[PDB]
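Just below is one structure, and these are the notes that go with it.
We use all heavy atoms of the structure for the numbers below, so side chains are in, but hydrogens, waters and symmetry mates are not. Lettering of chains follows the sequences in order, A, B, ..., and the numbering in each one begins at 1.
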Amino acid sequence: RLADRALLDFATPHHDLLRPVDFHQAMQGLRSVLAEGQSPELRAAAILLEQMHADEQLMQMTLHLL
Amino acid sequence: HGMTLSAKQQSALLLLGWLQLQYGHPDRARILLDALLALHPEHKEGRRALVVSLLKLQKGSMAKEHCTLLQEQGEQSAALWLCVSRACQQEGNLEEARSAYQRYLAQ
Ligand SMILES: [Br-]
Ligand SMILES: [Br-]
Ligand SMILES: [Br-]
Ligand SMILES: [Br-]
């Protein structure tokens, strides 16, 4: 459990979406592409982020706090 | 136009997966990160997050192979070997885990 912080830091990317206008354009453009995918990996992800629309406020808050 | 993501759309998807991983949903993160790597397999930031998501899912063998791809992409972060060691410990490869952990401390 001690190494969990260093693993999360490794998974954290080292900003282009700081402006809220750019964030909404990125999300709408992302949902349009995955909805056109036919592979089971793209279809499963298109279902998942459609259920994360209520989490968009938590997303933008995390970006600005880094 | 085309089954592809812009630079900002790739970051958005990476952020969606990283948030799931942060909040202890590695299965949901893996779903979003696999899609990002299906459309842009060269996305290194997406792959590192998938490695950690797989470790949290006790999928050490898969996580180690994704680290191998990072290594040959030019990944030179020392924490890469911490993931390899953790992946080998999940699979019982204790001697390989020690070898990888020595490289983590060397760099
Ligand atoms: Br965009
Ligand atoms: Br395409
Ligand atoms: Br496995
Ligand atoms: Br699996």
Decide yes or no for A:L65 and A:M61: does some side-chain heavy atom of the first lie under 4.5 Å from some side-chain heavy atom of the second?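 Of all side-chain heavy-atom pairs linking A:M61 with A:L65, at least one is under 4.5 Å.
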Could you check if a side-chain atom of B:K64 sits within less than 4.5 angstrom of a side-chain atom of B:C88, using non-hydrogen atoms only?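 In contact.
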NE2 on A:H14 to NZ on B:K44, rounded to 0.5 Å: 8.5 Å
First locate atom CD of B:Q107, then atom CD of B:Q102, and finally report the distance between them rounded to the nearest 0.5 Å.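 One finds 11.5 Å between CD of B:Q107 and CD of B:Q102.
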Basic-acidic side-chain contact under 4.0 Å: B:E42, B:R47: no
Electrostatic pair B:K56:B:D27 at N-O distance under 4.0 angstrom: no
Treating [X] as the side-chain partner and [Y] as the backbone partner, does any N or O pair qualify as donor plus acceptor under 3.5 Å?
X	Y	value
B:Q10	B:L5	yes
B:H43	B:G46	yes
A:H64	A:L18	yes

Chi angles and distances behind the salt bridge (charged side-chain N to carboxylate O under 4.0 Å, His left out) call for A:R31, A:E56: CA-CA 13 Å; A:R31 297 181 183 175; A:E56 288 187 2; 2.5 Å; yes
So if you build clusters from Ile, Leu, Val, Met, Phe, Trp, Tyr with side-chain heavy-atom gaps below 4.5 Å, do [X] and [Y] land together?
X	Y	value
A:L34	B:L19	yes
A:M52	B:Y23	yes
A:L63	A:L8	no

If you link ILVMFWY side chains whenever their heavy atoms are less than 4.5 Å apart, which other residues fall into the same cluster as B:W81? By chain and number, please.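 A:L7, A:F10, B:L21, B:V51, B:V52, B:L55, B:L70, B:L80, B:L82, B:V84, B:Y101, B:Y104, B:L105, which link up through side-chain heavy atoms under 4.5 Å apart, make up the rest of the cluster.
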Taking all heavy atoms of A:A11 and all of B:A49, pick out the closest pair and write down the distance. CB-CA, 3.7 Å
What pair of heavy atoms forms the shortest contact from B:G60 to B:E91, and how long is it? N-OE2, 3.5 Å
Distance-only donor-acceptor check, side chains B:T4 and B:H40, under 3.5 Å: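 On atom types as modelled, these side chains qualify, holding a pair under 3.5 Å.
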Would you please name every residue forming a side-chain contact (heavy atoms from CB on, under 4.5 Å) with A:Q51, sequence neighbours left out? A:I47, A:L48
